[PDB]
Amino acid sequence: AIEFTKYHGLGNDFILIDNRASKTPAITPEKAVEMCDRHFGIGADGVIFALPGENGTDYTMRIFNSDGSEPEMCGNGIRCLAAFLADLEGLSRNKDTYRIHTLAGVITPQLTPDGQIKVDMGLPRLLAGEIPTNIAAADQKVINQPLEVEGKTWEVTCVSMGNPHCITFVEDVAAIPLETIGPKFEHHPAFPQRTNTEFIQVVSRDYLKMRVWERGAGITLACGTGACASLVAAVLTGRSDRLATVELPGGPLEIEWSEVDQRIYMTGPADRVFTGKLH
């Protein structure tokens, strides 16, 4: 009986549920796992709920990963939700931006004329206690620090966009055995709440190639918070400028670490695929 719309942001694909009638999500995390199963269910990297606003915001976003866990933010998902909300509001829409309450704070997507969505993703969080990670003291940053993974020492930088990211820079990102090494990063003891893991090949100071092993979703074709965190990590390590394209398997995102307000802006597409109803 559950009605939903399938979206994807650069192939990071989601089940969107109109949940404006109640602050109670329409499905449990356990049901979200079943729904995200690609063979037995609808198939998705997560379920996103369009919920009633909180504390002045226009709406609230909650997301369940395909493993049922609930992360704090999702950049590809926010872009899908902004498109979804525009469709729900229809001709009653009276603005090009939504203020969206998330576990990570207020996030503000903007529908731009060219069909893209540009998102104010907030300030990056750089202290180890904010990731969270035990690689460094809670009040210290985590920049080009060692992380031993199955005997081999990786150089990693940690950034939070509300959710945790662990970024490592590599010569050939296509050659990373992501299915094998990804889980070992995700569940590394250094990360008490697990982490998302991004492998970054720097092509130039304004062009990064990214692959990601996501917390709670595995190999995905794109991750907005992950691209934001990777750009921040590339600036912090002096490898890139603050404006860059992040090329993902599903396509590109435009990332800016603004020097005006020190916030991260992420611009990318959102595509409605189909509407459906569970049997």
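Counting begins at 1, following the sequence as shown.
Asks: Could you settle it for me: does 50-58 or 63-71 have the higher average Cα B factor in the PDB entry?
Replies: Higher mean C-alpha B-factor: 50-58.
Asks: Which is higher on mean Cα B factor in this entry, 89-97 or 170-178?
Replies: It is 89-97.
Asks: Identify, among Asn196, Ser160, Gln140, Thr157, the residue whose C-alpha carries the highest B-factor in the deposited PDB entry.
Replies: Highest CA B-factor of the listed options: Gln140.
Asks: I'd like to know which of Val106, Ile135, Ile200, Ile131 has the highest C-alpha temperature factor in the PDB entry.
Replies: Spelled out: the listed residue with the top C-alpha B-factor is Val106.
Asks: By the record's CA B-factor, is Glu34 among the lowest, middle or highest third of residues in the chain?
Replies: Middle third, going by the recorded CA B-factors of the chain.
Asks: Per the entry's values, where does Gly224 land by CA temperature factor relative to the rest of its chain, in the lowest, middle or highest third?
Replies: As the PDB entry reports it, the C-alpha B-factor of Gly224 lands in the lowest third of its chain.
Asks: Splitting the chain's C-alpha B-factors into thirds, which one does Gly43 fall into?
Replies: Its C-alpha B-factor, which the entry lists for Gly43, ranks in the lowest third among residues of this chain.
Asks: Just say lowest, middle or highest third for the CA B-factor of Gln262 relative to the other modelled residues in its chain.
Replies: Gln262: CA B-factor falls in the middle third of its chain.
Asks: Would you mind ranking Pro146 by its C-alpha B-factor against the rest of the chain and naming the third, lowest, middle or highest?
Replies: For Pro146, the deposited C-alpha B-factor lands in the lowest third.
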